[PDB]
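Chemist: First the structure, which I've put down as structure tokens, then a few questions once you've had a look.
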Amino acid sequence: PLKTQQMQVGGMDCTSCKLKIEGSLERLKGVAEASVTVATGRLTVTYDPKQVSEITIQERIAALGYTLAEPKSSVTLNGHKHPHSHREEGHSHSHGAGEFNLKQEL
């Protein structure tokens with residue numbers, strides 16, 4: 001029901017620190033679960049974004065002097081326009097004249 005997602009990690013001293021992330025996020029906010037991916041510098045977190053999410057991990061990781069990066073990719077758009085237009089231009093008219101009279105007689 002809450003989302004699960006994984007970050008890049010700038011250190012975490014293994015046995016002594018994977019825990020100081022996980023069981024310190026347990027004291028934080030909006031999150032409910034987390035779990036490390038050791039030997040490759042990665043961490044899972046499982047959170048609800050309806051209050052606080054990224055900051056929860058940033059609180060803990062910055063308050064140890066280490067780095068984090070979540071690959072959030074969160075693009076959305078659907079901002080379509082559709083084709084359209086109009087006109088009208090049917091101009092016209094006509095004209096003509098001539099009255100060639102002549103007389104004199106004598």
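Chain lettering (A, B, ...) mirrors the order of the structure tokens, residue numbering begins at 1 for each chain separately, and ligand numbering begins at 1 in order of display.
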Give me, as a PyMOL selection string, the residues of range 24-89 of chain A that a backbone DSSP run labels alpha helix (DSSP H).
Modeler: chain A and resi 24-25+54-62
Chemist: Using backbone DSSP assignments, extract all strand (DSSP E or B) residues from range 33-66 of chain A; output them as a PDB file with C-alpha atoms, in the first residue's frame.
Modeler:
```pdb
ATOM      1  CA  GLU A  33       9.863  -0.465   6.594  1.00  0.00           C
ATOM      2  CA  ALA A  34      13.391  -0.435   5.027  1.00  0.00           C
ATOM      3  CA  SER A  35      16.221  -2.983   4.244  1.00  0.00           C
ATOM      4  CA  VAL A  36      19.919  -2.743   3.092  1.00  0.00           C
ATOM      5  CA  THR A  37      21.608  -4.184  -0.064  1.00  0.00           C
ATOM      6  CA  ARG A  42      22.347   0.213  -1.927  1.00  0.00           C
ATOM      7  CA  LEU A  43      19.415   0.641   0.498  1.00  0.00           C
ATOM      8  CA  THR A  44      15.680  -0.189   0.187  1.00  0.00           C
ATOM      9  CA  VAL A  45      13.085   1.980   1.910  1.00  0.00           C
ATOM     10  CA  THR A  46       9.308   1.334   2.062  1.00  0.00           C
ATOM     11  CA  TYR A  47       7.323   4.539   2.619  1.00  0.00           C
TER      12      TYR A  47
END
```
Chemist: Using only C-alpha atoms, which protein or nucleic acid residues come within 9 Å of range 55-61 of chain A? Drop anything in the same chain fewer than 3 positions from it, and give the result as a list in words.
Modeler: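 In the requested format, the answer is residues 9, 10, 12, 20, 21, 24, 25, 28, 29, 30, 31, 45, 52, 64, 65, 66, 67 and 68 of chain A.
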Chemist: Store the residues picked out above, limited to N, CA, C and O atoms, as a compact mmCIF listing (two decimals), in the first residue's frame.
Modeler:
```txt
# COMPACT_ATOMS: atom_id res chain seq x y z
N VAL A 9 24.07 4.65 -2.04
CA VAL A 9 24.58 4.91 -0.68
C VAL A 9 26.06 5.30 -0.74
O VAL A 9 26.86 4.69 -1.45
N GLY A 10 26.43 6.33 0.02
CA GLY A 10 27.79 6.91 0.08
C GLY A 10 28.73 6.29 1.11
O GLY A 10 29.85 6.75 1.24
N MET A 12 27.86 3.69 4.74
CA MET A 12 27.27 2.72 5.68
C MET A 12 28.27 1.62 6.06
O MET A 12 28.42 0.63 5.36
N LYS A 20 21.92 1.36 11.77
CA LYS A 20 21.74 2.76 12.19
C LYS A 20 21.00 3.61 11.14
O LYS A 20 20.52 4.70 11.46
N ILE A 21 20.91 3.15 9.88
CA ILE A 21 19.86 3.60 8.95
C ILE A 21 18.52 3.01 9.35
O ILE A 21 17.70 3.76 9.87
N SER A 24 16.84 3.43 12.63
CA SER A 24 16.62 4.84 12.94
C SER A 24 15.49 5.45 12.10
O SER A 24 14.73 6.22 12.70
N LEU A 25 15.31 5.12 10.81
CA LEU A 25 14.10 5.37 10.02
C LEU A 25 12.83 4.83 10.70
O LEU A 25 11.81 5.51 10.62
N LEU A 28 11.59 7.56 12.50
CA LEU A 28 11.18 8.66 11.64
C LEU A 28 9.73 8.53 11.17
O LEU A 28 8.86 7.99 11.85
N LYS A 29 9.47 9.24 10.08
CA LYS A 29 8.14 9.70 9.68
C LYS A 29 7.77 9.26 8.24
O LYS A 29 8.60 9.26 7.33
N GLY A 30 6.52 8.81 8.02
CA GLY A 30 5.92 8.47 6.71
C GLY A 30 6.33 7.11 6.16
O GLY A 30 5.54 6.40 5.55
N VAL A 31 7.56 6.73 6.45
CA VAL A 31 8.12 5.39 6.27
C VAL A 31 7.43 4.37 7.19
O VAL A 31 6.95 4.74 8.26
N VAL A 45 14.05 1.41 0.97
CA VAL A 45 13.09 1.98 1.91
C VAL A 45 11.67 1.71 1.40
O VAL A 45 11.44 1.66 0.19
N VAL A 52 5.96 12.73 4.42
CA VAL A 52 7.43 12.87 4.38
C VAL A 52 8.08 11.53 4.04
O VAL A 52 7.63 10.48 4.49
N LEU A 64 24.67 11.57 9.69
CA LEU A 64 25.81 10.67 9.89
C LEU A 64 27.05 11.08 9.06
O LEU A 64 28.10 10.45 9.21
N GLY A 65 26.95 12.09 8.19
CA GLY A 65 28.03 12.52 7.29
C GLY A 65 28.15 11.71 6.00
O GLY A 65 29.11 11.89 5.26
N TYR A 66 27.19 10.83 5.70
CA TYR A 66 27.17 10.01 4.48
C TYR A 66 26.25 10.61 3.39
O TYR A 66 25.54 11.59 3.61
N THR A 67 26.26 10.00 2.19
CA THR A 67 25.49 10.43 1.00
C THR A 67 24.38 9.44 0.68
O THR A 67 24.52 8.25 0.98
N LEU A 68 23.33 9.91 0.01
CA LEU A 68 22.23 9.12 -0.56
C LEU A 68 21.79 9.66 -1.93
O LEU A 68 21.89 10.87 -2.17
```
Chemist: Quick one: of A:50, A:71, A:38, A:82, who's nearest to residue 15 in chain A, counting only C-alpha atoms?
Modeler: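 Smallest distance to residue 15 in chain A is found for A:38.
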Chemist: To one decimal in Å, tell me the separation between CA of residue 16 in chain A and CA of residue 40 in chain A.
Modeler: 16.3 Å
Chemist: Could you jot down the CA of residue 4 in chain A to CA of residue 48 in chain A separation for me, Å, one decimal place?
Modeler: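 It comes out at 9.0 Å.
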